[PDB]
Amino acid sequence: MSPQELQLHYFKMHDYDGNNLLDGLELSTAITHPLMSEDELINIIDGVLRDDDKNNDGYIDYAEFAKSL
């Protein structure tokens, strides 16, 4: 399985509502899967959206995802 497919598989695995978009609540469950601190969870997620959410819609689509990789 090529890098390109392991990535697709990861994207689809955390797309819990099946809309082909990753939102911060979905990323949080990926990250969190004692509990980690919410504040650090907020930094990570905020960092991912700052870096990859090119159109600033609060989602990372597949193109934004593939570009981050």
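Numbers for residues come from their place in the sequence shown, where the first is 1. By rigid core we mean the largest C-alpha set that fits within 1.5 Å across both forms.
Trainee: Any chance you could tell me whether 7-15 or 20-28 drifts more in 6 other deposited structures of this protein, judged by RMS CA distance from this form after superposing on the core?
Mentor: If we average over structures and residues in 6 other deposited structures of this protein, the farther stretch is 7-15.
Trainee: For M36, does the count of other compared entries lacking it reach at least a third?
Mentor: No; none of the other entries leave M36 out.
Trainee: Look at the stretch from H33 to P34 and count the residues of the deposited sequence that the entry does not model, then pick none, 1 to 3, 4 to 9, or 10 or more.
Mentor: Gap size class: 10 or more residues without coordinates, per the record.
Trainee: Would you determine, from the values in the PDB entry, which of 1-9 and 58-66 has the greater average C-alpha temperature factor?
Mentor: Result of the comparison: 1-9.
Trainee: Using the B-factors in the PDB entry, rank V48's C-alpha atom against the chain and give the third, lowest, middle or highest.
Mentor: Its C-alpha B-factor belongs to the middle third of this chain's values.
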